[PDB]
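Take a look at this one chain, the form deposited in one PDB entry, written out in C-alpha cells.
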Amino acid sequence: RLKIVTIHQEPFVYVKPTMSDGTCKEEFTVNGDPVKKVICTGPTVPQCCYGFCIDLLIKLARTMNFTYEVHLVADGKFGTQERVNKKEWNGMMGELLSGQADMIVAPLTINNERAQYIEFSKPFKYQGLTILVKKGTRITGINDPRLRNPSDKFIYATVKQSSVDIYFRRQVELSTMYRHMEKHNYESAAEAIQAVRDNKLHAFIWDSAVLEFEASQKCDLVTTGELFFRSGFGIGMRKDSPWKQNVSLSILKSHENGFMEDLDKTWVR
C-alpha cells in the first residue's frame, strides 16, 4: 500500500468535506463523466480529494496494479531545502525523503534542486510561470517598473517554500525582486489569490496552469497572458524507486493516449 502525499491546489487537487457518514458526494461532470473521488487524510481528519492529479493517481494505480492511501502534506508546502550544519527539505519533498510518503502526486515542479535528491517522472503537465493581478491593475509582466523597482506601494509575492521561491532566490539577477518578495510571500496559493481579490496583494507570481484557471473562473482576476519561464510537473519518487520506470512509461502512454488531454479538458480548460 503506497503512501501518496499531495497538496491542495485547484484545479489539480480539490479538498472537500466528506458527507456525514464519512463518504464522498457523488458527482458527474457537466459532460456526463463521473467525478472520481478518493479519501485523503489531512490537518487529522478524512476529507474528499479529486481533480487532475487524483484522476492521474487513479489511472496510475490501475495501470500498475497498486493500492494507496492519500494524505495532505502536513506543513502545507511543496518543499524547499532549509538549513538546520545539516540540511532538510520541508513540504512534500521532506515527507517523501523521510518515508512519510512513498510518492508525491501533486502539481510538483521539476527542477534541478529537487532532482539532486529524488526521482521525477517524465512531465505529466507542461506549463510555466506567469503573474496574476486583479482586474483594473495594468502591469506589463515580469519586466515592469512596479516589479523590478519594488516598493510598498505595489506588493507582489509568491508562495513560501515553493519552486518559485527556489527560482527567485538562486539567481543573483533576481536579488532585488526576491528581497521585496520574501517579505510578502504567502503560505499557500489560495491565500495569495484571495489576497489579490481582497486588494491586499497586487501581483502573484505562480504556476500558469493554476493562474490561468483562476482567471477563467474568477472575473475579478486576470493574468499577464505571458509565460516568462517554462517548467513541468512530475510525479516524485525516492531515489532508485522500483516504480519510477513504469510511472514514466504510463505518463508517456497517457499523453500519447489522449488521456492527458481528457484531463486537461475536464479540469483545466
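Residue positions are given as counts along the sequence shown, with the first one as 1.
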Given the other compared entries that model the residues flanking it, would you say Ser121 is unmodelled in at least one third? no
Test item: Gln161 lacks coordinates in at least a third of other entries: no
Using the PDB record, quantify the missing residues of the deposited sequence between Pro43 and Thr44 as none, 1 to 3, 4 to 9, or 10 or more. 10 or more
Unresolved deposited positions lying between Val84 and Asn85 come to 1 to 3
Could you check which stretch, 19-27 or 251-259, carries the larger mean CA temperature factor in the entry? 19-27
Looking at the entry, does 91-99 or 154-162 show the higher mean C-alpha B-factor? 154-162
Highest Cα B-factor in the PDB entry belongs to which of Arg230, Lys200, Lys59, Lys37? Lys200
By the entry's C-alpha temperature factors, tell me which of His71, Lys77, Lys125, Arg138 sits highest. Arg138
So, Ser188's CA B-factor, relative to its chain, sits in which third? The middle
Per the entry's values, where does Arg114 land by CA temperature factor relative to the rest of its chain, in the lowest, middle or highest third? lowest
Ranked C-alpha temperature factor of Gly32 among modelled chain residues, by third: middle
Which third of the chain holds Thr130 when residues are ordered by C-alpha B factor: lowest, middle or highest? middle
Against its chain's modelled residues, does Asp55's Cα B factor rank lowest, middle or highest third? lowest
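Separately, the form deposited in another entry exists; it is not shown, and the next lines address it.
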Assuming a two-part rigid movement between this form and the one not shown, tell me whether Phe259 and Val196 share a part. no
